[PDB]
file final_29.pdb (PDB, C-alpha atoms and all ligand atoms)
MODEL        1
ATOM      1  CA  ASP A   6      31.257  16.763  16.882  1.00  0.00           C
ATOM      2  CA  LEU A   7      31.865  15.673  13.285  1.00  0.00           C
ATOM      3  CA  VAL A   8      34.616  13.044  13.297  1.00  0.00           C
ATOM      4  CA  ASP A   9      35.883  11.026  10.329  1.00  0.00           C
ATOM      5  CA  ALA A  10      36.156   7.260   9.860  1.00  0.00           C
ATOM      6  CA  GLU A  11      39.614   7.296  11.430  1.00  0.00           C
ATOM      7  CA  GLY A  12      38.614   9.267  14.523  1.00  0.00           C
ATOM      8  CA  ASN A  13      39.905  12.681  13.443  1.00  0.00           C
ATOM      9  CA  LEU A  14      38.027  15.974  13.191  1.00  0.00           C
ATOM     10  CA  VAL A  15      36.503  16.671   9.781  1.00  0.00           C
ATOM     11  CA  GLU A  16      38.204  19.600   8.050  1.00  0.00           C
ATOM     12  CA  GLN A  17      36.193  22.612   6.894  1.00  0.00           C
ATOM     13  CA  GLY A  18      36.142  22.458   3.104  1.00  0.00           C
ATOM     14  CA  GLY A  19      37.949  19.121   3.098  1.00  0.00           C
ATOM     15  CA  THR A  20      37.035  16.227   0.790  1.00  0.00           C
ATOM     16  CA  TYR A  21      35.624  12.920   2.014  1.00  0.00           C
ATOM     17  CA  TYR A  22      33.994   9.771   0.694  1.00  0.00           C
ATOM     18  CA  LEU A  23      30.544   9.217   2.215  1.00  0.00           C
ATOM     19  CA  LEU A  24      30.329   5.466   2.766  1.00  0.00           C
ATOM     20  CA  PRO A  25      27.651   3.330   4.409  1.00  0.00           C
ATOM     21  CA  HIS A  26      28.122   2.057   7.946  1.00  0.00           C
ATOM     22  CA  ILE A  27      27.113  -1.464   6.924  1.00  0.00           C
ATOM     23  CA  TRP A  28      29.408  -2.771   4.166  1.00  0.00           C
ATOM     24  CA  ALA A  29      26.517  -4.639   2.549  1.00  0.00           C
ATOM     25  CA  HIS A  30      24.527  -1.442   1.980  1.00  0.00           C
ATOM     26  CA  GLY A  31      26.574  -0.327  -1.006  1.00  0.00           C
ATOM     27  CA  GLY A  32      29.317   2.038  -2.094  1.00  0.00           C
ATOM     28  CA  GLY A  33      29.915   5.774  -1.891  1.00  0.00           C
ATOM     29  CA  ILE A  34      27.856   8.708  -3.181  1.00  0.00           C
ATOM     30  CA  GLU A  35      27.902   9.853  -6.797  1.00  0.00           C
ATOM     31  CA  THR A  36      25.636  11.138  -9.559  1.00  0.00           C
ATOM     32  CA  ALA A  37      23.184   9.791 -12.128  1.00  0.00           C
ATOM     33  CA  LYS A  38      21.216  11.306 -14.990  1.00  0.00           C
ATOM     34  CA  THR A  39      17.481  10.818 -14.506  1.00  0.00           C
ATOM     35  CA  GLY A  40      14.312  12.263 -15.995  1.00  0.00           C
ATOM     36  CA  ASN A  41      15.126  15.029 -18.476  1.00  0.00           C
ATOM     37  CA  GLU A  42      18.400  16.113 -16.817  1.00  0.00           C
ATOM     38  CA  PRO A  43      21.046  17.184 -19.409  1.00  0.00           C
ATOM     39  CA  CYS A  44      23.792  15.519 -17.398  1.00  0.00           C
ATOM     40  CA  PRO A  45      24.088  13.567 -14.111  1.00  0.00           C
ATOM     41  CA  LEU A  46      22.319  15.892 -11.653  1.00  0.00           C
ATOM     42  CA  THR A  47      20.699  13.260  -9.410  1.00  0.00           C
ATOM     43  CA  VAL A  48      22.567  12.412  -6.193  1.00  0.00           C
ATOM     44  CA  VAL A  49      22.670   8.642  -5.669  1.00  0.00           C
ATOM     45  CA  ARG A  50      24.482   5.873  -3.797  1.00  0.00           C
ATOM     46  CA  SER A  51      26.760   4.024  -6.225  1.00  0.00           C
ATOM     47  CA  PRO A  52      25.668   0.781  -7.978  1.00  0.00           C
ATOM     48  CA  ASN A  53      29.036  -0.736  -7.067  1.00  0.00           C
ATOM     49  CA  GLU A  54      29.732  -1.886  -3.510  1.00  0.00           C
ATOM     50  CA  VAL A  55      33.513  -1.638  -3.943  1.00  0.00           C
ATOM     51  CA  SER A  56      33.363   1.985  -5.070  1.00  0.00           C
ATOM     52  CA  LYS A  57      34.132   4.797  -2.648  1.00  0.00           C
ATOM     53  CA  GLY A  58      32.076   7.017  -4.922  1.00  0.00           C
ATOM     54  CA  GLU A  59      32.867  10.695  -5.466  1.00  0.00           C
ATOM     55  CA  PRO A  60      35.075  12.812  -3.172  1.00  0.00           C
ATOM     56  CA  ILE A  61      32.690  15.159  -1.325  1.00  0.00           C
ATOM     57  CA  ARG A  62      33.550  18.649  -0.032  1.00  0.00           C
ATOM     58  CA  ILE A  63      32.008  19.343   3.404  1.00  0.00           C
ATOM     59  CA  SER A  64      31.566  22.967   4.546  1.00  0.00           C
ATOM     60  CA  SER A  65      29.838  24.803   7.407  1.00  0.00           C
ATOM     61  CA  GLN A  66      28.822  28.486   7.421  1.00  0.00           C
ATOM     62  CA  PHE A  67      31.739  29.302   9.737  1.00  0.00           C
ATOM     63  CA  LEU A  68      35.342  30.369   9.248  1.00  0.00           C
ATOM     64  CA  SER A  69      37.021  27.465  11.026  1.00  0.00           C
ATOM     65  CA  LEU A  70      39.653  24.809  10.415  1.00  0.00           C
ATOM     66  CA  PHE A  71      37.137  22.107  11.358  1.00  0.00           C
ATOM     67  CA  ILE A  72      33.384  21.666  11.091  1.00  0.00           C
ATOM     68  CA  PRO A  73      31.993  23.272  14.279  1.00  0.00           C
ATOM     69  CA  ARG A  74      30.000  21.223  16.793  1.00  0.00           C
ATOM     70  CA  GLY A  75      26.344  20.982  15.726  1.00  0.00           C
ATOM     71  CA  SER A  76      26.594  23.301  12.719  1.00  0.00           C
ATOM     72  CA  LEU A  77      24.672  23.101   9.460  1.00  0.00           C
ATOM     73  CA  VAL A  78      26.724  22.015   6.467  1.00  0.00           C
ATOM     74  CA  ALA A  79      26.714  22.186   2.692  1.00  0.00           C
ATOM     75  CA  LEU A  80      27.831  19.141   0.711  1.00  0.00           C
ATOM     76  CA  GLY A  81      29.297  19.189  -2.782  1.00  0.00           C
ATOM     77  CA  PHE A  82      31.141  17.120  -5.356  1.00  0.00           C
ATOM     78  CA  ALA A  83      34.794  18.108  -5.608  1.00  0.00           C
ATOM     79  CA  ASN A  84      34.484  17.313  -9.323  1.00  0.00           C
ATOM     80  CA  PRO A  85      30.875  18.099 -10.358  1.00  0.00           C
ATOM     81  CA  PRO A  86      29.326  17.221 -13.735  1.00  0.00           C
ATOM     82  CA  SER A  87      29.638  19.848 -16.490  1.00  0.00           C
ATOM     83  CA  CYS A  88      26.046  21.103 -16.583  1.00  0.00           C
ATOM     84  CA  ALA A  89      25.814  21.859 -12.857  1.00  0.00           C
ATOM     85  CA  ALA A  90      26.150  25.570 -11.997  1.00  0.00           C
ATOM     86  CA  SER A  91      28.039  24.688  -8.813  1.00  0.00           C
ATOM     87  CA  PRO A  92      29.203  21.562  -6.919  1.00  0.00           C
ATOM     88  CA  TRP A  93      26.619  21.940  -4.139  1.00  0.00           C
ATOM     89  CA  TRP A  94      23.810  19.529  -3.340  1.00  0.00           C
ATOM     90  CA  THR A  95      20.348  21.004  -2.817  1.00  0.00           C
ATOM     91  CA  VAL A  96      16.914  19.567  -1.984  1.00  0.00           C
ATOM     92  CA  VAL A  97      14.279  19.951  -4.700  1.00  0.00           C
ATOM     93  CA  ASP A  98      10.536  19.379  -4.396  1.00  0.00           C
ATOM     94  CA  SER A  99       8.740  16.827  -6.559  1.00  0.00           C
ATOM     95  CA  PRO A 100       5.432  14.918  -6.791  1.00  0.00           C
ATOM     96  CA  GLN A 101       6.959  12.183  -4.604  1.00  0.00           C
ATOM     97  CA  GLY A 102       8.663  14.463  -2.086  1.00  0.00           C
ATOM     98  CA  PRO A 103      12.020  16.316  -1.669  1.00  0.00           C
ATOM     99  CA  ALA A 104      15.018  14.827  -3.496  1.00  0.00           C
ATOM    100  CA  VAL A 105      18.744  15.592  -3.326  1.00  0.00           C
ATOM    101  CA  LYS A 106      20.039  17.080  -6.565  1.00  0.00           C
ATOM    102  CA  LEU A 107      22.674  19.300  -8.144  1.00  0.00           C
ATOM    103  CA  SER A 108      21.341  22.377  -9.962  1.00  0.00           C
ATOM    104  CA  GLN A 109      21.911  24.080 -13.317  1.00  0.00           C
ATOM    105  CA  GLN A 110      21.186  27.313 -11.456  1.00  0.00           C
ATOM    106  CA  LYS A 111      23.364  29.309  -9.061  1.00  0.00           C
ATOM    107  CA  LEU A 112      22.083  28.676  -5.544  1.00  0.00           C
ATOM    108  CA  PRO A 113      21.709  31.022  -2.545  1.00  0.00           C
ATOM    109  CA  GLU A 114      23.404  29.782   0.635  1.00  0.00           C
ATOM    110  CA  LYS A 115      20.039  29.162   2.316  1.00  0.00           C
ATOM    111  CA  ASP A 116      19.372  26.519  -0.344  1.00  0.00           C
ATOM    112  CA  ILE A 117      22.587  24.580   0.239  1.00  0.00           C
ATOM    113  CA  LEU A 118      23.322  25.016   3.955  1.00  0.00           C
ATOM    114  CA  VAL A 119      20.515  22.574   4.724  1.00  0.00           C
ATOM    115  CA  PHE A 120      22.202  19.421   6.033  1.00  0.00           C
ATOM    116  CA  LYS A 121      23.320  18.340   9.496  1.00  0.00           C
ATOM    117  CA  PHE A 122      25.078  15.157  10.557  1.00  0.00           C
ATOM    118  CA  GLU A 123      23.584  13.368  13.556  1.00  0.00           C
ATOM    119  CA  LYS A 124      25.756  10.840  15.366  1.00  0.00           C
ATOM    120  CA  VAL A 125      24.257   7.406  15.969  1.00  0.00           C
ATOM    121  CA  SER A 126      24.692   6.360  19.584  1.00  0.00           C
ATOM    122  CA  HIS A 127      24.881   2.610  19.005  1.00  0.00           C
ATOM    123  CA  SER A 128      28.294   2.331  17.331  1.00  0.00           C
ATOM    124  CA  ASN A 129      31.975   1.884  18.202  1.00  0.00           C
ATOM    125  CA  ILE A 130      33.200   4.304  15.545  1.00  0.00           C
ATOM    126  CA  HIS A 131      31.639   7.527  14.306  1.00  0.00           C
ATOM    127  CA  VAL A 132      28.586   6.890  12.150  1.00  0.00           C
ATOM    128  CA  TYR A 133      26.127   9.652  11.230  1.00  0.00           C
ATOM    129  CA  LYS A 134      22.607   9.899   9.874  1.00  0.00           C
ATOM    130  CA  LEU A 135      22.069  12.829   7.510  1.00  0.00           C
ATOM    131  CA  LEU A 136      19.470  15.345   8.638  1.00  0.00           C
ATOM    132  CA  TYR A 137      17.713  17.653   6.209  1.00  0.00           C
ATOM    133  CA  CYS A 138      16.798  21.032   7.662  1.00  0.00           C
ATOM    134  CA  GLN A 139      13.821  22.719   5.983  1.00  0.00           C
ATOM    135  CA  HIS A 140      12.898  26.411   6.223  1.00  0.00           C
ATOM    136  CA  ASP A 141      11.224  27.522   9.443  1.00  0.00           C
ATOM    137  CA  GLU A 142      11.144  30.675   7.311  1.00  0.00           C
ATOM    138  CA  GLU A 143      13.406  32.925   9.418  1.00  0.00           C
ATOM    139  CA  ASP A 144      15.669  30.009  10.321  1.00  0.00           C
ATOM    140  CA  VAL A 145      15.621  26.234   9.765  1.00  0.00           C
ATOM    141  CA  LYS A 146      14.622  23.049  11.565  1.00  0.00           C
ATOM    142  CA  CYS A 147      16.476  19.750  11.239  1.00  0.00           C
ATOM    143  CA  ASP A 148      13.541  17.407  11.793  1.00  0.00           C
ATOM    144  CA  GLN A 149      13.887  15.144   8.735  1.00  0.00           C
ATOM    145  CA  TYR A 150      16.328  12.524   7.441  1.00  0.00           C
ATOM    146  CA  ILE A 151      17.829  11.620   4.082  1.00  0.00           C
ATOM    147  CA  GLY A 152      17.329   8.061   2.883  1.00  0.00           C
ATOM    148  CA  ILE A 153      17.407   6.004  -0.304  1.00  0.00           C
ATOM    149  CA  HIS A 154      14.685   5.293  -2.858  1.00  0.00           C
ATOM    150  CA  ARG A 155      15.420   3.047  -5.817  1.00  0.00           C
ATOM    151  CA  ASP A 156      13.660   4.242  -8.958  1.00  0.00           C
ATOM    152  CA  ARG A 157      12.375   2.120 -11.866  1.00  0.00           C
ATOM    153  CA  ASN A 158      15.879   1.992 -13.317  1.00  0.00           C
ATOM    154  CA  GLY A 159      17.537   0.874 -10.094  1.00  0.00           C
ATOM    155  CA  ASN A 160      19.219   4.181  -9.207  1.00  0.00           C
ATOM    156  CA  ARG A 161      19.507   4.494  -5.420  1.00  0.00           C
ATOM    157  CA  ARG A 162      18.339   8.098  -5.141  1.00  0.00           C
ATOM    158  CA  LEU A 163      19.008  10.166  -2.042  1.00  0.00           C
ATOM    159  CA  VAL A 164      15.695  11.638  -0.921  1.00  0.00           C
ATOM    160  CA  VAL A 165      13.965  12.808   2.248  1.00  0.00           C
ATOM    161  CA  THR A 166      12.518   9.608   3.711  1.00  0.00           C
ATOM    162  CA  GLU A 167      10.079   8.702   6.481  1.00  0.00           C
ATOM    163  CA  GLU A 168      11.966   5.535   7.416  1.00  0.00           C
ATOM    164  CA  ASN A 169      15.362   3.822   7.205  1.00  0.00           C
ATOM    165  CA  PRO A 170      17.567   6.929   7.358  1.00  0.00           C
ATOM    166  CA  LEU A 171      20.868   6.347   5.630  1.00  0.00           C
ATOM    167  CA  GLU A 172      23.964   6.175   7.800  1.00  0.00           C
ATOM    168  CA  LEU A 173      27.481   7.194   6.833  1.00  0.00           C
ATOM    169  CA  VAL A 174      31.127   7.202   7.838  1.00  0.00           C
ATOM    170  CA  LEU A 175      33.297   9.980   6.407  1.00  0.00           C
ATOM    171  CA  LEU A 176      36.588   8.743   4.948  1.00  0.00           C
ATOM    172  CA  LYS A 177      39.183  11.400   4.081  1.00  0.00           C
ATOM    173  CA  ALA A 178      39.796  11.309   0.322  1.00  0.00           C
TER     174      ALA A 178
HETATM  175 NI    NI A 201      24.285   1.488  11.539  1.00  0.00          NI
ENDMDL
END

call {"tool": "encode", "arguments": {"input": "final_29.pdb", "output": "C-alpha cells", "more": "lines below"}}
Ligand code: NI
result
Amino acid sequence: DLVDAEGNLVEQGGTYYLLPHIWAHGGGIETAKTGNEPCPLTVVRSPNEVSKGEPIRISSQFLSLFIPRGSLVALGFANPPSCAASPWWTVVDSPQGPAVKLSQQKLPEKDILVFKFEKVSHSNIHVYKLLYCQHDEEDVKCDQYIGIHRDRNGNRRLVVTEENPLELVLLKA
C-alpha cells in the first residue's frame, strides 16, 4: 500500500512533496532547463536541502479515493512550467539511457503510467523506491529503478539507474 509520511493513505490525484528518506540526501523534486530545452523540462532533485521542492500530483489508472495497492502511477507537477504540454513526467531515451522529463508534446497514458512505488522493508516509517516500468509491449514490467545522476552543471537528474535507487517519503502538500 502507498502510505504518506504521516502514515495515511495517499489520495488519488492528491498533491505531495517527494522528499528523500535520508535528510542529508537533499530536498524535494523540481525542474531544471538542460540541453536545448525551451524551459525547465528536466526532472531533478532540488539543489537546496531545505526545499520541499514542487507539489507533485500522484494518480493511478483507477477510479478510487486512494492509490490502489500495487498499482502503476503517473506523477506530475501541480504547477508545471509553461512550455510543457501537460504536467506529467515521462521517461525519454537518450545516448546515456532513459531520463525522467516533462514533454512539449501531449502524451498517451501508456507513456505516463510507467511508475510504481516499492516499499523498503528496512524502515520504521513508509519509504519507497521508485520503479520504472518499461513496455513488455502488450503490458509493462517494473524491473528498473529511478536514481540520480549529476550532470556537468551539477543538476541532480532523475534517470533510470543501475545502482543506488532513490528513496522517498511522500509528504502531503
Ligand atoms: Ni533509506

call {"tool": "residues_near_ligand", "arguments": {"input": "final_29.pdb", "ligand": "ligand NI 201 (chain A)", "cutoff": "7 Å", "atoms": "all atoms listed in the file", "output": "list in words"}}
result
residues 26, 27, 132 and 172 of chain A

call {"tool": "closest_residue", "arguments": {"input": "final_29.pdb", "among": "A:40, A:86, A:170, A:103", "to": "residue A:139", "atoms": "all atoms listed in the file"}}
result
A:103

call {"tool": "closest_residue", "arguments": {"input": "final_29.pdb", "among": "A:72, A:97, A:112, A:29", "to": "residue A:13", "atoms": "only C-alpha atoms"}}
result
A:72

call {"tool": "residues_around", "arguments": {"input": "final_29.pdb", "residues": "residue A:153", "least_positions_apart": "6", "cutoff": "8 Å", "atoms": "only C-alpha atoms", "output": "VMD selection string"}}
result
chain A and resid 49 to 50 161 to 164 166 170 to 171

call {"tool": "residues_near_point", "arguments": {"input": "final_29.pdb", "point": "(33.1, 8.0, 8.7)", "cutoff": "9 Å", "atoms": "all atoms listed in the file", "output": "list in words"}}
result
residues 8, 9, 10, 11, 12, 21, 22, 23, 24, 25, 26, 130, 131, 132, 133, 173, 174, 175, 176 and 177 of chain A

call {"tool": "closest_residue", "arguments": {"input": "final_29.pdb", "among": "A:165, A:136, A:96, A:104", "to": "residue A:116", "atoms": "all atoms listed in the file"}}
result
A:96

call {"tool": "closest_residue", "arguments": {"input": "final_29.pdb", "among": "A:102, A:109, A:74, A:60", "to": "residue A:124", "atoms": "all atoms listed in the file"}}
result
A:74

call {"tool": "residues_around", "arguments": {"input": "final_29.pdb", "residues": "residue A:83", "least_positions_apart": "5", "cutoff": "7 Å", "atoms": "all atoms listed in the file", "output": "number ranges by chain"}}
result
A: 60-62, 92

call {"tool": "resolve_selection", "arguments": {"input": "final_29.pdb", "expression": "the PyMOL selection byres (((chain A and resi 119) around 8) and not hetatm)", "output": "NGL selection string"}}
result
:A and (77-79 or 95 or 115-118 or 120-121 or 137-139 or 145)

call {"tool": "write_last_selection", "arguments": {"input": "final_29.pdb", "atoms": "C-alpha atoms", "output": "PDB file, keeping the file's coordinate frame"}}
result
ATOM      1  CA  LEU A  77      24.672  23.101   9.460  1.00  0.00           C
ATOM      2  CA  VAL A  78      26.724  22.015   6.467  1.00  0.00           C
ATOM      3  CA  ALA A  79      26.714  22.186   2.692  1.00  0.00           C
ATOM      4  CA  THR A  95      20.348  21.004  -2.817  1.00  0.00           C
ATOM      5  CA  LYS A 115      20.039  29.162   2.316  1.00  0.00           C
ATOM      6  CA  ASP A 116      19.372  26.519  -0.344  1.00  0.00           C
ATOM      7  CA  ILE A 117      22.587  24.580   0.239  1.00  0.00           C
ATOM      8  CA  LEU A 118      23.322  25.016   3.955  1.00  0.00           C
ATOM      9  CA  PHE A 120      22.202  19.421   6.033  1.00  0.00           C
ATOM     10  CA  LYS A 121      23.320  18.340   9.496  1.00  0.00           C
ATOM     11  CA  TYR A 137      17.713  17.653   6.209  1.00  0.00           C
ATOM     12  CA  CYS A 138      16.798  21.032   7.662  1.00  0.00           C
ATOM     13  CA  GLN A 139      13.821  22.719   5.983  1.00  0.00           C
ATOM     14  CA  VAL A 145      15.621  26.234   9.765  1.00  0.00           C
TER      15      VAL A 145
END

call {"tool": "atom_distance", "arguments": {"input": "final_29.pdb", "atom1": "atom CA of residue A:70", "atom2": "atom CA of residue A:114"}}
result
19.6 Å

call {"tool": "closest_residue", "arguments": {"input": "final_29.pdb", "among": "A:17, A:51, A:84, A:41", "to": "residue A:155", "atoms": "all atoms listed in the file"}}
result
A:51

call {"tool": "closest_residue", "arguments": {"input": "final_29.pdb", "among": "A:93, A:7, A:146, A:110", "to": "residue A:134", "atoms": "only C-alpha atoms"}}
result
A:7

call {"tool": "atom_distance", "arguments": {"input": "final_29.pdb", "atom1": "atom CA of residue A:28", "atom2": "atom CA of residue A:52"}}
result
13.2 Å

call {"tool": "atom_distance", "arguments": {"input": "final_29.pdb", "atom1": "atom CA of residue A:113", "atom2": "atom CA of residue A:35"}}
result
22.5 Å

call {"tool": "resolve_selection", "arguments": {"input": "final_29.pdb", "expression": "the PyMOL selection byres (((chain A and resi 44) around 10) and not hetatm)", "output": "list in words"}}
result
residues 36, 37, 38, 39, 41, 42, 43, 45, 46, 47, 86, 87, 88, 89 and 109 of chain A

call {"tool": "build_atoms", "arguments": {"input": "final_29.pdb", "residues": "stretch 55-79 of chain A", "atoms": "N, CA and C atoms", "output": "tab-separated table (two decimals), keeping the file's coordinate frame"}}
result
chain	number	residue	atom	x	y	z
A	55	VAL	N	32.09	-1.83	-4.16
A	55	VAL	CA	33.51	-1.64	-3.94
A	55	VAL	C	33.92	-0.18	-4.14
A	56	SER	N	33.06	0.59	-4.80
A	56	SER	CA	33.36	1.98	-5.07
A	56	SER	C	33.21	2.92	-3.88
A	57	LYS	N	34.17	3.82	-3.73
A	57	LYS	CA	34.13	4.80	-2.65
A	57	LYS	C	33.30	5.98	-3.12
A	58	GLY	N	32.88	5.94	-4.38
A	58	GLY	CA	32.08	7.02	-4.92
A	58	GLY	C	32.89	8.27	-5.17
A	59	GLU	N	32.22	9.41	-5.21
A	59	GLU	CA	32.87	10.70	-5.47
A	59	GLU	C	33.40	11.39	-4.21
A	60	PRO	N	34.53	12.10	-4.33
A	60	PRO	CA	35.08	12.81	-3.17
A	60	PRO	C	34.12	13.98	-2.92
A	61	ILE	N	33.65	14.11	-1.69
A	61	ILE	CA	32.69	15.16	-1.32
A	61	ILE	C	33.27	16.25	-0.42
A	62	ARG	N	33.07	17.50	-0.81
A	62	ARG	CA	33.55	18.65	-0.03
A	62	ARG	C	32.50	18.94	1.05
A	63	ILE	N	32.93	19.06	2.30
A	63	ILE	CA	32.01	19.34	3.40
A	63	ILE	C	32.32	20.71	4.02
A	64	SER	N	31.35	21.63	4.00
A	64	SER	CA	31.57	22.97	4.55
A	64	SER	C	30.44	23.49	5.44
A	65	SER	N	30.81	24.21	6.50
A	65	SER	CA	29.84	24.80	7.41
A	65	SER	C	29.80	26.29	7.07
A	66	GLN	N	28.91	27.05	7.70
A	66	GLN	CA	28.82	28.49	7.42
A	66	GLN	C	29.84	29.30	8.22
A	67	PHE	N	30.74	28.62	8.91
A	67	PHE	CA	31.74	29.30	9.74
A	67	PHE	C	33.18	29.25	9.25
A	68	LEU	N	33.93	30.30	9.58
A	68	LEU	CA	35.34	30.37	9.25
A	68	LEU	C	36.00	29.56	10.36
A	69	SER	N	36.41	28.35	10.04
A	69	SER	CA	37.02	27.46	11.03
A	69	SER	C	37.88	26.44	10.31
A	70	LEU	N	38.81	25.82	11.03
A	70	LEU	CA	39.65	24.81	10.42
A	70	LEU	C	38.85	23.51	10.33
A	71	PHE	N	37.96	23.31	11.31
A	71	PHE	CA	37.14	22.11	11.36
A	71	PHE	C	35.66	22.43	11.44
A	72	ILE	N	34.83	21.47	11.04
A	72	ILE	CA	33.38	21.67	11.09
A	72	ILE	C	32.98	21.83	12.55
A	73	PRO	N	32.42	23.00	12.90
A	73	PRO	CA	31.99	23.27	14.28
A	73	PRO	C	30.92	22.32	14.80
A	74	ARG	N	30.94	22.10	16.11
A	74	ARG	CA	30.00	21.22	16.79
A	74	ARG	C	28.55	21.64	16.54
A	75	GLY	N	27.75	20.72	15.99
A	75	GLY	CA	26.34	20.98	15.73
A	75	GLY	C	25.97	22.01	14.66
A	76	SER	N	26.89	22.32	13.76
A	76	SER	CA	26.59	23.30	12.72
A	76	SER	C	25.95	22.70	11.48
A	77	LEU	N	25.29	23.55	10.70
A	77	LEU	CA	24.67	23.10	9.46
A	77	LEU	C	25.82	22.98	8.47
A	78	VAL	N	25.67	22.15	7.45
A	78	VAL	CA	26.72	22.02	6.47
A	78	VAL	C	26.18	21.95	5.06
A	79	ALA	N	27.04	22.26	4.10
A	79	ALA	CA	26.71	22.19	2.69
A	79	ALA	C	27.58	21.03	2.22
